[PDB]
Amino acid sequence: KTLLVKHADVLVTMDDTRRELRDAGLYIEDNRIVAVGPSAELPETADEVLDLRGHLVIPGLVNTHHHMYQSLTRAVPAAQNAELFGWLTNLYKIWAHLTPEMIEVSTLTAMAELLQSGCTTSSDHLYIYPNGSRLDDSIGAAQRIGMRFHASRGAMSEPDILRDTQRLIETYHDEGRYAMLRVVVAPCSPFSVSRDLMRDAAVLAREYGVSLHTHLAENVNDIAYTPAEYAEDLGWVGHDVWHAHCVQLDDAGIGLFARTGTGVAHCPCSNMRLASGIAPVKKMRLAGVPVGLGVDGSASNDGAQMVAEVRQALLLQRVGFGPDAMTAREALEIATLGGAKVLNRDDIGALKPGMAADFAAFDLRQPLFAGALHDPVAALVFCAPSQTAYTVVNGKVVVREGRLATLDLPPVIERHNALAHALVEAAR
């Protein structure tokens, strides 16, 4: 099956030479990009053709941290103005009533919000499995909606954790190029499980060639309870590892992550709404640490508009460090190539031959972009956050003219709100 994209106003490839083409497109075979360049230099037709004149086309955005199930409990009254501990104790009273269906529905809802904002690849971090829920429930939802997924097997405490983790890797992990599903070993944090499980997880992961992920140095209490030394000691450093938040990562931790290729998932909005603080991303990048973007759990954001996160990261770094702390293209790179690096994949994040057919298209004719066409690429970050006109994943159109095309979304969200209400009802 061939897919041809032509006449895009601007096409940022994020390729070897960071090309940004005008009046360009892509030639796709099944789920792989075979050709990228000026439209005149590309085939004139394909099985499906998207003439994106008037549009900004970008490689699919990559989300590197989430708690999708939290989409069911957003803006809960007791969580709105609480500090981490109160936020936690109240929300746990609610999450303890989660069901297999809720895990399925919330995954569909969260992925829909991401896809509709330009995000084509996403990981998640489901660390609780109540009332018989399973990672399997999220994976099924991801396969139905069509999002490239990195399903994490999170956990809190133990022997069962490891068996399930292995079961899931063997069942769902696809190490082949263009994989739409991959598994990740992810205990919630080094302080939520024993150091024994932490060591076991690392070896388990390295045995199957999968990645490791967890929360690290997100607040002041974490340090007092260093985090990076603790991580290196447990073997949690390497190209196959990435930690979320790291707002409190010290200079030594940074140097360490940089030399080992250990990644970090920056979540600006969450870091603000929960007041964790400003992570030194300007410093991290200067030090060479691979950084990606994360919307984080919907109970702590509470939105999931990926372009807005890219914008928030740029705005945040600048208020804490100055106008040259981060450029629009830098933010967009972290949201693309950075997310890929962090997930340890080289088959996404860029529009060029041999890469996965994932990309986002934005309509430059919207009023929000009016007067910003002096630099359409920068505009995506400097202007109000835009929804995509089209979202393509694995060569398939998932969002068409702003609508979810892989499934009928309204009944899903109606059910989502109905389950969200029943959930909070059960708790109270």
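When you see a residue number, it is the position in the sequence shown, counting from 1.
Where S157 is followed by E158 in the displayed chain, the model omits 10 or more of the deposited residues that sit between the two. In this entry, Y225 and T226 are separated by 4 to 9 residues of the deposited sequence that lack coordinates. When 113-121 is weighed against 320-328, 320-328 comes out higher, by mean CA B-factor as recorded in the entry. Per-stretch averaging of Cα B factors for 188-196 and 311-319 places 188-196 on top. In this entry, the residue among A265, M102, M306, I161 with the greatest C-alpha B factor is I161.
Within the group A75, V203, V342, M272, the record's highest C-alpha temperature factor is found at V203. Ranked against the other modelled residues of its chain, the C-alpha B-factor of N301 as given in the entry falls in the lowest third. Among all modelled residues in this chain, the alpha-carbon of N221 has a temperature factor (C-alpha) in the highest third. Sort the chain's modelled residues by C-alpha temperature factor and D375 lands in the middle third, per the entry. Residue-level temperature factors show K396 in the middle third of its chain, judged at the C-alpha atom.
Per the deposited record, the Cα B-factor of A422 falls in the lowest third when ranked against the other modelled residues of its chain.
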